[PDB]
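Cβ atoms come from the backbone with ideal geometry, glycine included; neighbour counts cover every protein chain shown. Just so it is clear, none of the values below were taken in a lab; they were calculated from the coordinates.
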Amino acid sequence: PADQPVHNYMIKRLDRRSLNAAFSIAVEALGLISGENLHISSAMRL
Amino acid sequence: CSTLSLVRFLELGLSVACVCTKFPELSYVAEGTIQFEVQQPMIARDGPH
């Protein structure tokens, strides 16, 4: 008398991790797109 | 006599390699550079760049 069907309770844990990316623009660069204009001598640079 | 059996380039096989397009005014505009970059892919590695 030792068989007595067994039982188990396993536990695990998460594992943290990150996944990053890079991106950049110039400041005055972004400023040119804000202004809505129909020339105004700035199309090419825009 | 003898004929001159002409040959078309578009009807060859090599045409697959190159895209041919006529640019009429090129020799005039060829005085300057055209200078277009293309791309380069990049993986998103962990850790802050």
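Numerical summary
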{"quantity": "At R0 = 25 Å, FRET efficiency that the Cβ-Cβ distance of A:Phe23 and B:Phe23 yields, to 0.05", "calculated": "0.10"}
{"quantity": "Residue-count net charge about A:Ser18 - beta-carbon cut-off 11 Å; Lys, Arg +1, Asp, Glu -1", "calculated": "+2"}
{"quantity": "Rounded D (µm²/s) - chain A, Kirkwood Rh over Cα pairs, Stokes-Einstein at 20 °C, 1.002 mPa s", "calculated": "119 µm²/s"}
{"quantity": "Positive-end extreme of charge dipole, chain A - chosen from A:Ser18, A:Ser41, A:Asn8 (charges on Cβ)", "calculated": "A:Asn8"}
{"quantity": "Rounded if a/c under 1.5, otherwise prolate or oblate - chain B, Cα gyration tensor axes", "calculated": "oblate"}
{"quantity": "Three-way shape label, the protein assembly as shown, alpha-carbon gyration tensor, a/c 1.5", "calculated": "oblate"}
{"quantity": "For peptides A:1-7, B:23-29, sequence by mean Cβ density within 10 Å, most packed first", "calculated": "B:23-29, A:1-7"}
